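Encoded as structure tokens, the following chain is the form deposited in one PDB entry, with no partner shown.
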């Protein structure tokens, strides 16, 4: 019917997950105007007359919609290959956020889609939340909840982690990874840098740029290795054309590396050179050893070894319940179902909403001769006008 067509079209515009929602449509127009406003293209009357018609409107839209100048940047609290994470305060609302910038220029010389989705729609206390996502001609912005407690790298460097704390943080990582796995993704880059603590000391996973959606069998088909030298599993490291098919058990190997790091003070496959670490991972059967220091319990050594094995015999091949039932998690202080309501080993002592005590002190595209469309791969990234409430 006429009304059915009208209504199907209306739902396609409102839907927070639609490709033709208002956010995408405004992105589509903003991208057209960015890609066309160059003197060489303006020689074309179709382009020049179009830009002149939409001049006033594009300036209004740009002023009204979310932009970087809406945020007061307090401190740069993180860095990465394609940008930075900055502690911001939204000038108007006075609300405090962590804002991740991704260089459009650098990305050009697709990963952010799943990272945007996981953070925006997880609705999990274990996943860092995405409130807004916007963009300009130079960057992509992800306005997330600020994690004042810092990461696990910072914790590990300030404390000799006892087993009772290690048990807590491992248990939270396990629940956090199971939450991502249930959403249908493998993290593929589990490391203490990606484990953040909130104002109460409880964990949340961050950095979903390596996330990949599992198939019907719960596998991922990849030809290129992905992750970090120290925490990468043997099957992800050697992943190729012929082979390169793996599941959620690659994230469980990384939990074993993490537990070892916390209790031992070093990563299990540390070497003088990065290439030496690759060699030690591949030879985990002979290279995994424990120092002759009576501190690590029988149960902790067993968990580390149950995870730090070949995929086929790895703990977690039969799901989370076999991890959860491990003797290392046997304690009389918490239960799996209630864990995030318990009092954390380290409760952050914070002075303000912009306290950065857990955070250490920290070009673009040429002028196109012809239409290049550098803004086209980022159309629909905006999360503002059509958010899920």
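For the two forms, the rigid core is made up of the largest set of C-alpha atoms that agree within 1.5 Å on superposition. Positions refer to the first chain, counted from 1.
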Between residue 109 and residue 110, how many residues of the deposited sequence have no coordinates in this entry: none, 1 to 3, 4 to 9, or 10 or more?
4 to 9
How much of the deposited sequence is absent from the coordinates between residue 350 and residue 351: none, 1 to 3, 4 to 9, or 10 or more residues?
none
Could you check which stretch, 121-129 or 235-243, carries the larger mean CA temperature factor in the entry?
235-243
Of 371-379 and 11-19, the stretch with the higher mean C-alpha B-factor in the deposited entry is 371-379
From 224, 279, 182, 267, can you pick the one with the highest C-alpha B factor in the entry?
224
Looking at 148, 256, 209, 319, which one carries the largest C-alpha B-factor according to the PDB entry?
319
What third of its chain's C-alpha B-factors does residue 189 belong to: lowest, middle or highest?
lowest
Of the three thirds of the chain ranked by Cα temperature factor, residue 75 occupies the highest
What third of its chain's C-alpha B-factors does residue 101 belong to: lowest, middle or highest?
middle
Comparing against every modelled residue in the chain, figure out the third that the C-alpha B-factor of residue 292 lands in (lowest, middle or highest).
highest
Which third of the chain does residue 272 land in by C-alpha B-factor: lowest, middle or highest?
highest
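The following text describes the form deposited in another entry, which does not appear among the structures shown.
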Fitting the rigid core first, would the Cα of residue 240 be found 2 Å or more away between the shown form and the other one?
yes
CA of residue 52, rigid core aligned, shift of 2 Å or more between the shown form and the other one:
yes
